[PDB]
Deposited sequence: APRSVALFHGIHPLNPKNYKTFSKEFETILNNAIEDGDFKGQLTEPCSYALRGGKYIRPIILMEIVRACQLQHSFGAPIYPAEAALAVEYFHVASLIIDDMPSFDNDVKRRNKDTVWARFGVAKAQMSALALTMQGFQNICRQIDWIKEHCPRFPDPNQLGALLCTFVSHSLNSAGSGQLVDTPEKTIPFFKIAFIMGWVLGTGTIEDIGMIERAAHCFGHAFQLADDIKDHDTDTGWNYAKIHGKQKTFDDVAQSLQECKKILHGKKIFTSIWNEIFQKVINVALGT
């Protein structure tokens, strides 16, 4: 596993942190991760262009799931999922690069470099997956069978990546499931977490479609779908004790999207 020089500093792993702090933390993680050697070659500029600035919400989901689960039980030195959250945003951003293709990513650099970049981000996302496993192996000796669980994570992210054409759901599935097994070597209720991620990604996509006196409803029907899926997701969350105070901020951000606020 090729190594870096530094990623994060002054981090309290299990502290209860709000979305903004989590966001600032992941931005420092992402920026530091560029520099220490991830995107070498002529595609150094493309990726950096694409990733810099964003909602970062999928990696944030990952990280909060892990920190919350680690509160419950620990395996010797709390797990702060950085390389894995990196990988989450990598996959999701590569999807975006591909979606914009025939300003944009392919505008400033060319469609050729655009797809070359997308492949680079997916590739080194898996590479940082393996890197997170290696970090776990060094600092977490009690962690249950890291090799098998890491292979299973790669397998699920695999199956999800090819099952994209909605297309917004699978990346949230990646975030949730990865954060679930990395917060705890469980695979005890992964399907429940699948329905949780699915409901949440559904509500997110619908809120995004709704984003702006035509009798066109206010598509109050679609809002009912959004809030119903959000309810069921919260039900699973508080059904596994990881429904923290972040999820309040997150749910209301989603809702305020659909409300025009």
property: Deposited residues absent from the coordinates (by C-alpha); result: 103-113, 177-184, 232-239
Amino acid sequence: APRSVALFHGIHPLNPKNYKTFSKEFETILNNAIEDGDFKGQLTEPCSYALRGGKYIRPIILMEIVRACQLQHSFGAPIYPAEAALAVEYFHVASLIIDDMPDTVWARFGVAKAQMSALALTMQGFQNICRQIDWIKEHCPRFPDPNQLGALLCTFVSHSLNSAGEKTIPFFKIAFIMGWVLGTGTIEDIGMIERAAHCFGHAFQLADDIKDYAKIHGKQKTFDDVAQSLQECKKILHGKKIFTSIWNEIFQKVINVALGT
From here on, numbers count along this sequence of modelled residues.
| property | result |
| --- | --- |
| Mean C-alpha temperature factor, higher of 60-68 and 215-223 | 215-223 |
| Per the entry, higher mean C-alpha B factor between 103-111 and 154-162 | 103-111 |
| CA B-factor placement of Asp189, once the chain's modelled residues are sorted into thirds | highest |
| CA B-factor ranking of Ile255, expressed as a third of its chain | lowest |
| Cα B factor band for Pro144 (lowest, middle or highest third within the chain) | highest |
| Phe39, C-alpha B-factor rank within chain (lowest, middle or highest third) | highest |
| Chain third (lowest, middle, highest) by recorded CA B-factor, residue given as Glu83 | middle |
